[PDB]
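Peer 1: please work out how this folds:
(2 chains)
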Amino acid sequence: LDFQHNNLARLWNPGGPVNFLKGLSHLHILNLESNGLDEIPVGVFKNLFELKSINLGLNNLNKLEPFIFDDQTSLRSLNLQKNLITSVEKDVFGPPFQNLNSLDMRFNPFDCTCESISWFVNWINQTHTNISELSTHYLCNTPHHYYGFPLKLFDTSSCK
RNA sequence: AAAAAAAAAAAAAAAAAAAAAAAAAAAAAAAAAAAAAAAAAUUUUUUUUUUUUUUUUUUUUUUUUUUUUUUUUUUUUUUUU
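Peer 2: Residues are numbered from 1 along each chain as shown, chains lettered A, B, ... in the order given. Below is the structure:
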């Protein structure tokens, strides 16, 4: 399934959210790149056990609802590049990161803070997932002290 | 039955000024590409024309030695016409 350039922004709170992807057991790869998505409603990735790849790049996603990815235990490649993601919380990207093979969320305004990327930095340091251009296109945007700094070059020993 | 003033809801149509977006086209600025082309700085091949060194074949010329003939001017001596 591909939904590139289809402006699904407003389709996902007024008038009742659309419960798309209902019972798509055999769905392999879902692609909603550059659809202007702004907010992900809860309970939309359920029952997608056999899903393999997710591509949600070229969008504006900052509100990462907890437990959005629960049945995505078979995810092989997560694409979130060129988005507005600020924090990477464990409860959102946990199950998809259990057996992920490749990851791509470059060109994002990352927040180099203990509340945002500590879990992400620890996972990156403790995984073998293929992340292209990890040291180049993963610079943080805030605060000023950590602005323009590599994501991997962040010490999490002072926050736990 | 009908017409009107203040107070309250409003549904539809015709227009507009804004905000959040999204495809499409057209402009530029950077990373690459495939090429038909262009030089320049390092190797060397083939061919033509010519220089120098060296080894030898043919022809010609000079000199020295040896030798065979056509001519010889001499004959010391020998028998004589």
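Peer 1: spell out which residues of chain A are next to RNA strand B.
Peer 2: Chain A comes close to RNA strand B at residues A:5, A:6, A:7, A:9, A:34, A:35, A:36, A:38, A:58, A:60, as judged by Cβ under 7 Å from any atom of the strand. Where you see a C-beta, it was placed from the backbone N, CA and C, and this is true even at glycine.
Peer 1: these two touch, right, the first one and residue A:34?
Peer 2: Yes: at 5.3 Å, residue A:5 and residue A:34 qualify as touching, with contact defined as Cβ atoms under 8 Å.
Peer 1: what comes up buried for the top helix by length along chain A?
Peer 2: The longest helix of chain A (DSSP state H) is helix A:118-125. Using 16 or more other Cβ atoms under 10 Å as the test for burial, helix A:118-125 gives A:118, A:119, A:120, A:121, A:123, A:124.
Peer 1: who's in contact with that helix?
Peer 2: Residues outside helix A:118-125 that contact it (Cβ atoms under 8 Å, 6 or more residues apart in numbering): A:88-90, A:93, A:97, A:131, A:134, A:151-152, A:154, A:156, A:159-160.
Peer 1: how far away from the center of its chain is it?
Peer 2: On the basis of Cα atoms, centre = their mean, to the nearest Å, helix A:118-125 sits 14 Å off its chain's mean C-alpha point.
Peer 1: okay, now residue A:36: neighbour count?
Peer 2: Neighbour count of residue A:36, defined by other Cβ atoms under 10 Å: 15.
Peer 1: right, and it touches residue A:11 too?
Peer 2: No: counting by Cβ under 8 Å, residue A:36 sits too far from residue A:11 to count as a contact (10.0 Å).
Peer 1: give me phi/psi at the nearest residue to residue A:39 once chain neighbours are set aside?
Peer 2: Nearest non-adjacent residue to residue A:39, counting by Cβ to Cβ, 6 or more residues apart in numbering: residue A:63, 5.2 Å away. Dihedral angles of residue A:63 (phi, psi; degrees, to the nearest 10) stand at phi -90, psi 90.
Peer 1: what's the answer for residue A:103, then?
Peer 2: Note on residue A:103: its backbone torsions stand at phi -130, psi 150 [degrees, to the nearest 10].
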